[PDB]
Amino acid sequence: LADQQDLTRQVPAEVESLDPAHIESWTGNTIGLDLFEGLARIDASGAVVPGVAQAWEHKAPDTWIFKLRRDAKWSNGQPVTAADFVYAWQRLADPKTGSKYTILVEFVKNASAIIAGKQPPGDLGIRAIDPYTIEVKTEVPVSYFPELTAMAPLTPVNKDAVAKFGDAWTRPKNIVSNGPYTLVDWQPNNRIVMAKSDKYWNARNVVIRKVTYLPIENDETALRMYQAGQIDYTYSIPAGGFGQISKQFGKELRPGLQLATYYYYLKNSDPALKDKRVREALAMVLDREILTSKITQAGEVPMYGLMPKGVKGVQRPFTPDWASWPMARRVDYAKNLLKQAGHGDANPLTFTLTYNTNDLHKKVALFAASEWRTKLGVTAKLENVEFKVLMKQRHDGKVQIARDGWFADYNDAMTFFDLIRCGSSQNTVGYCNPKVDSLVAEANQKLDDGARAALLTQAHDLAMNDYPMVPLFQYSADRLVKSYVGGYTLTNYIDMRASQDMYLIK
């Protein structure tokens, strides 16, 4: 081990919140999971390992038991118990809380009714049998339920701290948390600093003593800082840079694909975008082969639906008929769709295309705009905003076409269905197809995984034929991590890599 154990990690934007109930993003989960620990954790390899729960058991199809360790503590020295989880999950489910991430608790018994305000939060199917024993009842059987409990929004929250401090409870001077690190400094758009916690039950095995998170929007600037030794661990690499970066940094460039999809949000209540024919036309004209081979260049794979190849629970991704058509044929068909929809040359379309400030996103957006102009005569005006603002605008439908992207929360197709299920808190495009939903509910009754998969595949295909959004490609996991950073693996496919699992060598 190295004498010094400070780690500096770059994140793509200012974090939206450090309150587990309001955490929505990759950045929020990465930072929040250093500060809070749930029933389980995802380790450096991507494996689900014990968190506050030392063990768990699938006692019945709809029932899980979690046995908590007895020495889990909050940062103020108070014990962590079953009651803390009951409170946290009820709070998450309560619509008065206003969480945008109710999807994770939705599998729990009665959660839907509670979210809808039909039943009180106390009815939620999580119970403290005793201070160290948790019982969770689910609406339907979920074989992988423990994976979900490793995400930030299901971490416990300290009732007293929230009660005493209200909206200021996550401020460094007020916050109480139970993870391997405690928050020392939070300067928005500047830095977040955290220090190893001596109260964490597994402190003796936590090597990294200080973690610094720097929000840097521009990948090139991030690269410069990495090169200067200001950063040990980047978010990604600049678009089009793989070649020169590989030559200069070699194996520090950690390669792979992620279980994550890059796509354009479409406002489904838009007067034009509400027409499936318009959405489809916009989708079929974009050349994802050129996009990936010439613009992104980091191994990204063209995608036409939400399911990345390799995700458990479906048989295969969605690949539309036209994916293998000559472009000229693609364009003719798409122009005819616009005509059919009443948006021919007599009624030209203009949209605003909003993305979060970043060089890759800008490049992708410029490409889409030119593609749509030259092939369809559709005008997309580019607009860049801060990521936090973009997220809010998508929720509120204040953007028409928007840069979006989803990282799997767990390795099953269900995580991607959170984007298109009627009424889901993360269905921001506003799509609703009851047949798709009923097919999913049916799939989740199947006793056989094969049968389940078939139905989920059918439901996914059915949804994508409606083109509720525009999938572009599968995210590349490529990033730079210094040679002296140990513990990094290439098998963490959802890219949930906690600081406590790494260590500095040399």
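All residue numbers are counted from 1 along the displayed sequence.
*Asks:* On average, which has the higher Cα B-factor in the deposited entry, 21-29 or 485-493?
*Replies:* Mean CA B-factor is higher for 485-493.
*Asks:* State which stretch shows the higher mean Cα B factor in the entry: 89-97 or 261-269.
*Replies:* The stretch with the larger average C-alpha B-factor is 89-97.
*Asks:* Tell me which of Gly46, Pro468, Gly38, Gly450 tops the list for C-alpha B factor in the record.
*Replies:* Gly450 has the highest C-alpha B-factor of those listed.
*Asks:* Going by the deposited entry, which of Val211, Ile295, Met391, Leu419 has the highest CA temperature factor?
*Replies:* Highest C-alpha B-factor among the listed residues goes to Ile295.
*Asks:* Is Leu7 in the lowest, middle or highest third of its chain when residues are ranked by C-alpha B-factor?
*Replies:* It falls in the middle third of the chain.
*Asks:* Based on the deposited C-alpha B factors for this chain, I'd like to know if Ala55 is in the lowest, middle or highest third.
*Replies:* Middle third.
*Asks:* Considering only modelled residues of the same chain, in which third does the CA B-factor of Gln78 rank: lowest, middle or highest?
*Replies:* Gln78: CA B-factor falls in the highest third of its chain.
*Asks:* Please rank the C-alpha B-factors of the chain's modelled residues and tell me whether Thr374 sits in the lowest, middle or highest third.
*Replies:* Highest third - that is where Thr374 ends up once the chain's C-alpha B-factors are sorted.
*Asks:* Compare the C-alpha B factor of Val105 with those of the other modelled residues in its chain, then answer lowest, middle or highest third.
*Replies:* CA B-factor rank for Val105: highest third.
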